[PDB]
Amino acid sequence: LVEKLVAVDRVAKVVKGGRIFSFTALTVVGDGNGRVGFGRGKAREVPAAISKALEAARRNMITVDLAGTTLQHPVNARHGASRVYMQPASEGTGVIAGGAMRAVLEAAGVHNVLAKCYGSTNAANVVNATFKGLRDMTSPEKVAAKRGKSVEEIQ
RNA sequence: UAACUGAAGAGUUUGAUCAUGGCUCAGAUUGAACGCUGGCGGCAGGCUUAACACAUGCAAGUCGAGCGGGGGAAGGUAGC
Ligand SMILES: NCCC[C@H](N)CC(=O)NCCC[C@H](N)CC(=O)NCCC[C@H](N)CC(=O)N[C@@H]1[C@H](O)[C@@H](OC(N)=O)[C@@H](CO)O[C@H]1NC1=N[C@@H]2C(=O)NC[C@@H](O)[C@H]2N1
């Protein structure tokens, strides 16, 4: 299980006499062969925040059906004001994406992809959109099963 | 055989936050200019502004097998 730390931020809460500071961490875990998840953690210190984020990421996982080491088809997804577009690429291309998309894709095991963000680039929302797109991407076997055809018929 | 295959973001409004939205940055390119410095070769390029005014030299001649004249050099014969 490879673990990646997308972002760490300091947040404040106002009380009488001053401010209480805390830290938030966003993490993505993945096996690298089709299983990936993400989570967030809040704590008064960075190590505890990262630990909580990793535990939440392990509790929130999905399974992704890749075509080799790339996507099955182009994907459009969005969460809130963040929109993402991902497209399969040939061998040797690599992962052409921003940091937030790159964490999720590398954790899921995608090796060749072209990706783009439109709208807001907030890390949590971008991770949400990429996660949803990867979850909703389909495969020829599922398409054939749902249509009642064969894979060769589907083409 | 081959004639293409292609898309990354970041900073900044607030005590935190998300969104909106400008401004700024990372790239490629140039008939460039300026500052510091400067060994060689190959191949290119070189008034983007005053279609402003121009000294001087050169950048369109050739034909005597179209024609009549006119020149000045070599020869020969005759006298001395
Ligand atoms: N919001 C607070 C509302 C407060 C409001 N005052 C309440 C009120 O007044 N009346 C109550 C009326 C409630 C209404 N009838 C039901 C309703 O809201 N239906 C719509 C919401 C569906 C559902 N409920 C929420 C949901 O499934 N979220 C998931 C979730 O976050 C996460 O997936 C998981 N599994 O964790 C993520 C992937 O990471 O995908 C999100 N999905 C999505 N993201 C996308 C996005 O944004 N756009 C486009 C599309 O793609 C979206 N789908």
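Atoms considered below: every heavy atom in the structure, side chains included; atoms not considered: hydrogens, waters and symmetry mates. Every chain is numbered from 1, with letters handed out A, B, ... down the list of sequences.
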Table please: side-chain donor-acceptor pairs of residues 94-112 of chain A below 3.5 Å, with sequence neighbours left out.
from	atom 1	to	atom 2	distance (Å)
A:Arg102	NH1	A:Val95	O	3.2
A:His111	ND1	A:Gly109	O	3.1
A:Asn112	OD1	A:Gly94	N	3.2

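- Across A:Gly39 and A:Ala57, no two heavy atoms sit closer than the pair N-CB, 3.5 Å.
- Contact between A:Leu71 and A:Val75 at its shortest, heavy atoms only, is CD1-CG2, 4.4 Å.
- Going from atom CG of A:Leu26 over to atom CG of A:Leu54 covers 10.5 Å, rounded to the nearest 0.5 Å.
- Side-chain atoms of A:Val36 and A:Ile62, non-hydrogen and from C-beta on, do get closer than 4.5 Å to each other.
- Once rounded to the nearest 0.5 Å, the distance linking CD1 of A:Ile50 with CD of A:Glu3 reads 10.5 Å.
- When the salt bridge (charged side-chain N to carboxylate O under 4.0 Å, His left out) test is applied to A:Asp65, no partner is found at least two apart in sequence or on another chain.
- Residues A:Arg10 and A:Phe21 share a closest heavy-atom pair of NH2-CE2, 3.3 Å.
- Among pairs with a residue in residues 119-141 of chain A, those fulfilling salt bridge (charged side-chain N to carboxylate O under 4.0 Å, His left out) read A:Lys132-A:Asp136, at least two apart in sequence or across chains.
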Under 3.5 Å, which donor-acceptor pairs do the side chains of residues 79-90 of chain A form with other protein atoms, sequence neighbours left out?
from	atom 1	to	atom 2	distance (Å)
A:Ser82	OG	A:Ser120	O	2.6
A:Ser82	OG	A:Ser120	OG	3.4
A:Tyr85	OH	A:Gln87	NE2	2.7

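- Within a 6.0 Å radius of CD in A:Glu153, more than 12 heavy atoms belonging to other residues, nucleotides or ligands are found.
- A:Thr121 meets the side-chain contact (heavy atoms from CB on, under 4.5 Å) test with A:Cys117; sequence neighbours excluded.
- When the salt bridge (charged side-chain N to carboxylate O under 4.0 Å, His left out) test is applied to A:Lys42, no partner is found at least two apart in sequence or on another chain.
- Under the rule for a ring pair (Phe, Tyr, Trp, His ring centres under 6.0 Å), the partners of A:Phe131 that lie at least two apart in sequence or sit in another chain are A:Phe38.
- Not counting sequence neighbours, the partners of A:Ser150 by the side-chain hydrogen bond (donor to acceptor under 3.5 Å, both in side chains) test are A:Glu152.
- For A:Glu91, the side-chain hydrogen bond (donor to acceptor under 3.5 Å, both in side chains) test picks out no residue, with sequence neighbours left out.
- Of the possible donor and acceptor atoms, one in the side chain of A:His73 sits under 3.5 Å from a partner among the backbone N and O of A:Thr138.
- Going from atom CE of A:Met137 over to atom CG of A:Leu66 covers 5.5 Å, rounded to the nearest 0.5 Å.
- In this structure, A:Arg78 places its CZ atom where only 12 or fewer heavy-atom neighbours from other residues, nucleotides or ligands lie under 6.0 Å away.
- Grouping the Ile, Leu, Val, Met, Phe, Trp and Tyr side chains by contacts below 4.5 angstrom, directly or via other members, places A:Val28 with A:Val64.
- One hydrophobic cluster, built from ILVMFWY side chains closer than 4.5 Å, holds both A:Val46 and A:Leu5.
- There is no path of hydrophobic side-chain contacts, each under 4.5 Å, that joins A:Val127 to A:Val2.
- With sequence neighbours left out, the side-chain contact (heavy atoms from CB on, under 4.5 Å) criterion links A:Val15 to A:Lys13, A:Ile20.
- The environment of A:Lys149 atom NZ is sparse: at most 12 non-hydrogen atoms of other residues, nucleotides or ligands sit within 6.0 angstrom.
- With sequence neighbours left out, the side-chain contact (heavy atoms from CB on, under 4.5 Å) criterion links A:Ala48 to A:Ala43.
- Between A:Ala144 and A:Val151, the shortest heavy-atom contact is CB-N, 3.9 Å.
- With sequence neighbours left out, A:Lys52 forms a salt bridge (charged side-chain N to carboxylate O under 4.0 Å, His left out) with no residue at all.
- Nearest heavy-atom pair, A:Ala123 versus A:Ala7, reported as atom, atom and distance to 0.1 Å: CB-CB, 4.4 Å.
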